[PDB]
Amino acid sequence: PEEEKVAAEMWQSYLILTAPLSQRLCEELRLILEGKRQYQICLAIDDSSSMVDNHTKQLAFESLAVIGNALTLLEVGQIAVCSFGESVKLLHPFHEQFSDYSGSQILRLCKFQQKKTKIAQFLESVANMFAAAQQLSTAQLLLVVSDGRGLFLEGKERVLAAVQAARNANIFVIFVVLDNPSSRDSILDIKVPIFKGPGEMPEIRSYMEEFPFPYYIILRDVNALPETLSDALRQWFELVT
Amino acid sequence: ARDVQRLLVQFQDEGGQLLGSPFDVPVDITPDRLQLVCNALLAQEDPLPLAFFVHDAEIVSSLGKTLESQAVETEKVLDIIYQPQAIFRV
Ligand SMILES: [Mg+2]
């Protein structure tokens, strides 16, 4: 319990690597943002065990350090952090300020040992959390940090409806697909068969052709996160105006 | 369109050689449809008849039916072993 020292030391080592990246992201976002309203941003971390199988654990923590601190440097607004997998956990509320101690707490509580990746359950729950905070005060943004694999165990129709429900609630969603280059297969190489007719050859399409999120970026290297994510946020800012 | 389970699947030899990249597949997929996907990956003039196994249990009617009798870790990519069907005597 007092071994929060281990988590704090680990977060500090992440800040050493990601400090220049977080400043480049802050600056690039500032340039885009000038081109009275308040912003509410939620960072969602995939806590499922496939993150260990796909070696996206480091990318997940590096991305949280880069993004969470850049938004704090930019003074955009309130940041919430959630974890999902077998259940939804609110690790950092909107009204509390996001600090280094907040990052250490998320590091200690995310062990990537959950046995499910219930993304539909997550999306359905965050709408209530966003809607309660819209009325407390605004532009709302959800960033999903996940390997983006094994997302259809709840059913494709349910997952697609959950993404559609977030949009209907005026929540802008960007999926940050973590794709480790060291891994045997890239998410771009996963395929999906389409059948039609008895005994006829199936059509082999790419798995990403049925990705349930229309707005996404692919992140192989955290060094590319400032340039890629700030470009992606152009669409959110333009829609808000 | 449906709310059936889908999951990632990887084909491989009895000897462990992987065939192609992982596949996203509905859990009610039949051995007949697994044969058609396998025919695509092997790209042979005449496809051999194949049998399919997950954790040493043969898929006879559907992938989901076979998994119902197993305690599988759903987060992992499911390995599907294929082997040619037997040829009988005389
Ligand atoms: Mg997962």
# chains A, B, ... in the order shown; residues from 1 in each chain; ligands from 1
call {"tool": "residues_near_ligand", "arguments": {"ligand": "ligand 1", "cutoff": "7 Å", "atoms": "only C-alpha atoms and all ligand atoms", "output": "list in words"}}
result
residues 46, 48, 49, 50, 51, 116, 117, 147, 149 and 150 of chain A; 75 of chain B
call {"tool": "residues_around", "arguments": {"residues": "region 55-58 of chain B", "least_positions_apart": "2", "cutoff": "12 Å", "atoms": "only C-alpha atoms", "output": "count of residues only"}}
result
28
call {"tool": "closest_residue", "arguments": {"among": "A:172, A:206, A:160, A:199", "to": "residue 1 (chain B)", "atoms": "only C-alpha atoms"}}
result
A:160
call {"tool": "closest_atom_pairs", "arguments": {"of": "chain B", "to": "chain A", "cutoff": "6 Å", "atoms": "only C-alpha atoms", "output": "CSV"}}
result
residue,atom,partner,partner_atom,distance
B:1,CA,A:157,CA,5.0
B:2,CA,A:157,CA,5.4
B:3,CA,A:155,CA,3.8
B:4,CA,A:155,CA,5.1
B:5,CA,A:153,CA,4.6
B:6,CA,A:152,CA,5.1
B:7,CA,A:150,CA,5.8
B:21,CA,A:190,CA,5.8
B:22,CA,A:190,CA,5.2
B:23,CA,A:191,CA,4.9
B:24,CA,A:192,CA,5.0
B:36,CA,A:201,CA,6.0
B:75,CA,A:50,CA,5.6
call {"tool": "select_by_dssp", "arguments": {"residues": "region 9-56 of chain B", "states": "helix (DSSP H, G or I)", "output": "JSON, numbers by chain"}}
result
{"B": [31, 32, 33, 34, 35, 36, 37, 38, 39, 40, 41, 42]}
call {"tool": "write_last_selection", "arguments": {"atoms": "N, CA and C atoms", "output": "compact mmCIF listing (two decimals), in the first residue's frame"}}
result
# COMPACT_ATOMS: atom_id res chain seq x y z
N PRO B 31 -17.26 -26.18 -40.20
CA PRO B 31 -16.07 -26.76 -40.83
C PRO B 31 -16.06 -26.60 -42.34
N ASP B 32 -17.24 -26.59 -42.98
CA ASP B 32 -17.30 -26.38 -44.42
C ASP B 32 -16.78 -24.99 -44.80
N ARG B 33 -17.15 -23.97 -44.03
CA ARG B 33 -16.66 -22.62 -44.30
C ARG B 33 -15.19 -22.47 -43.92
N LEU B 34 -14.74 -23.17 -42.88
CA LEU B 34 -13.31 -23.17 -42.56
C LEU B 34 -12.51 -23.79 -43.69
N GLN B 35 -13.08 -24.77 -44.38
CA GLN B 35 -12.39 -25.37 -45.52
C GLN B 35 -12.23 -24.36 -46.65
N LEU B 36 -13.26 -23.54 -46.90
CA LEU B 36 -13.20 -22.55 -47.98
C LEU B 36 -12.17 -21.47 -47.71
N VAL B 37 -12.08 -20.99 -46.46
CA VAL B 37 -11.04 -20.04 -46.10
C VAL B 37 -9.67 -20.70 -46.25
N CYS B 38 -9.55 -21.95 -45.86
CA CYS B 38 -8.27 -22.63 -45.96
C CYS B 38 -7.87 -22.86 -47.41
N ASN B 39 -8.85 -23.11 -48.28
CA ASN B 39 -8.54 -23.29 -49.69
C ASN B 39 -7.95 -22.02 -50.27
N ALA B 40 -8.47 -20.86 -49.84
CA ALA B 40 -7.93 -19.59 -50.28
C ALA B 40 -6.48 -19.41 -49.84
N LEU B 41 -6.17 -19.78 -48.60
CA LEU B 41 -4.82 -19.56 -48.08
C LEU B 41 -3.81 -20.50 -48.73
N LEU B 42 -4.22 -21.72 -49.07
CA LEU B 42 -3.28 -22.68 -49.64
C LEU B 42 -3.11 -22.50 -51.14
call {"tool": "closest_atom_pairs", "arguments": {"of": "region 4-61 of chain A", "to": "region 216-221 of chain A", "cutoff": "12 Å", "atoms": "only C-alpha atoms", "output": "JSON lines"}}
result
{"residue": "A:18", "atom": "CA", "partner": "A:221", "partner_atom": "CA", "distance": 11.9}
{"residue": "A:21", "atom": "CA", "partner": "A:221", "partner_atom": "CA", "distance": 11.4}
{"residue": "A:54", "atom": "CA", "partner": "A:220", "partner_atom": "CA", "distance": 12.0}
{"residue": "A:55", "atom": "CA", "partner": "A:220", "partner_atom": "CA", "distance": 11.2}
{"residue": "A:56", "atom": "CA", "partner": "A:220", "partner_atom": "CA", "distance": 9.4}
{"residue": "A:58", "atom": "CA", "partner": "A:221", "partner_atom": "CA", "distance": 10.4}
{"residue": "A:59", "atom": "CA", "partner": "A:221", "partner_atom": "CA", "distance": 7.7}
{"residue": "A:60", "atom": "CA", "partner": "A:219", "partner_atom": "CA", "distance": 10.1}
